[PDB]
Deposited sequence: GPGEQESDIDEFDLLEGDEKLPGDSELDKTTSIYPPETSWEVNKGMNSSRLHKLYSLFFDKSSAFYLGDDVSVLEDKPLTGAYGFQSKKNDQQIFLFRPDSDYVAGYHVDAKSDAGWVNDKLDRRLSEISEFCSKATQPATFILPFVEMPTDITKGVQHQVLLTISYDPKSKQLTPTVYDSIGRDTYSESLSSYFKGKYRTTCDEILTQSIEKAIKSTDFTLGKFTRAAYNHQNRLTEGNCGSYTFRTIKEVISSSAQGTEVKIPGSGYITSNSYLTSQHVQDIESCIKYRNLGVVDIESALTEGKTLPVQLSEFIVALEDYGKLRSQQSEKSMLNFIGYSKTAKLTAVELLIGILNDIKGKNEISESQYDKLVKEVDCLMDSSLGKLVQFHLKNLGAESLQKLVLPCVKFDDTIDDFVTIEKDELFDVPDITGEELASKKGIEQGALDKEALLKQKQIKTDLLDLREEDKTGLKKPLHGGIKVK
């Protein structure tokens, strides 16, 4: 929908979708964030490209178009190689056709970044798998080179698939994808570069986001660096602790408009956290905590009720009372406890207060002696 609500009790291993990914896009101009791109400026209203955010290299003439993720960017493949290679969703195919059309007239070299999902359609229930397509066109060669970046793992000799059995089984959407790309060009104007697939090792989504950040930055120049066999040592150095906290904190604790994100990437901008986000995040915690899992559910709830109250009384033409501050001080230990704690900690860090007490201490009307 139009907003991207805080999902408490979300974590990296709980999977990615298009909305989440688009929400993480907000991290690109955040300086506190390990995904920050200062390799780049927003583009030149110039030539935009529908469905994609445009970028000029602070170093280069090189233009970088990064597509907003889409639920319809998807490729089904048949595992059984007797069946047809598969399908691509029509929108994806459309963006391919549109890229082709963009490059047919373009002076400056470019790189197009299309996060998508690939899935087996042969399996009783298949897993949708988050991966990354990038197409790079250069005007001198008239040449497009497709490349696809994939997380899951690499070729353990046991789970190694035989050359023979490769004849009988597809593990990827590569065949249908190559077909879609060759199809997007017939001016026969473009000589197609060679299709390649890069692999590592549902955390895959997070890796994909890191890869987007990598791909863009890596156009400073050369040397595309992903975990195995080229570049980074392990996937801990690549997707790091700060990377993971950044992502989880964005998705878990914030509340973001699509408008805020599009405005944030269509010009260079950070999106500072509003107090209203803190209120919404609390509210959501509240609504969840009343079902699932010491500190009793009823205690946690009374606490969040009170804190919400104080939090938006602050927002209005008013300022809070001595007695309300008393209650809050009674509640800070419940509020700093565990998950709810990590929540209020996120928000205090971003509102610039050391504690709740510090946060609400000003805006207290004391006028009564005692």
Item checked: Gaps in the model, given as deposited-sequence positions counted from residue 1 -> 1-30, 232-238, 331-338, 416-485
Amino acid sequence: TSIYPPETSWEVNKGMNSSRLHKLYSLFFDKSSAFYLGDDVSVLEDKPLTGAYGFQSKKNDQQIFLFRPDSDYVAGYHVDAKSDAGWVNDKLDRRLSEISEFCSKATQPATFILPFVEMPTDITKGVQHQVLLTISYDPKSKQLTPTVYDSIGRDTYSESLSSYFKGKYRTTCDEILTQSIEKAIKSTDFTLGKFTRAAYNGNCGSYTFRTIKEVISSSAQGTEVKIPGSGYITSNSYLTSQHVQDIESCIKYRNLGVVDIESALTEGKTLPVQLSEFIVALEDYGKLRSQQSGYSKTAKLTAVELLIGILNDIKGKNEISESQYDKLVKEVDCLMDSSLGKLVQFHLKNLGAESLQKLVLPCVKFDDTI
From here on, numbers count along this sequence of modelled residues.
Next item on the list: May I ask whether residue 227 is missing from the deposited models in at least a third of the other compared entries?
Entry: yes
Note to self: Given that the flanking residues are present, does residue 327 go without coordinates in at least a third of the other entries of this protein?
What the structure shows: no
Next item on the list: With reference to the PDB entry, specify whether the mean Cα temperature factor is higher for 186-194 or for 253-261.
Entry: 186-194
Check: Do the CA atoms of 340-348 or those of 315-323 have the higher mean B-factor in the entry?
Finding: 315-323
Check: For the listed residues 124, 276, 211, 100, which one has the largest C-alpha B-factor as given in the deposited model?
Finding: 124
Note to self: Per the entry's Cα B factor values, which of 114, 85, 148, 204 stands out as the maximum?
What the structure shows: 204
Checklist line | Modelled-residue ranking by C-alpha temperature factor, third containing residue 68 | finding: lowest
Margin query: Split into thirds by Cα B-factor across the chain's modelled residues, where does residue 296 land: lowest, middle or highest?
Written below: middle
Notebook entry, point to check: By the record's CA B-factor, is residue 16 among the lowest, middle or highest third of residues in the chain?
Noted result: lowest
Next item on the list: Within this chain's modelled residues, let me know which third the CA B factor of residue 139 belongs to: lowest, middle or highest.
Entry: middle
Margin query: Sorting by Cα B-factor within the chain, modelled residues only, which third would residue 44 end up in: lowest, middle or highest?
Written below: highest
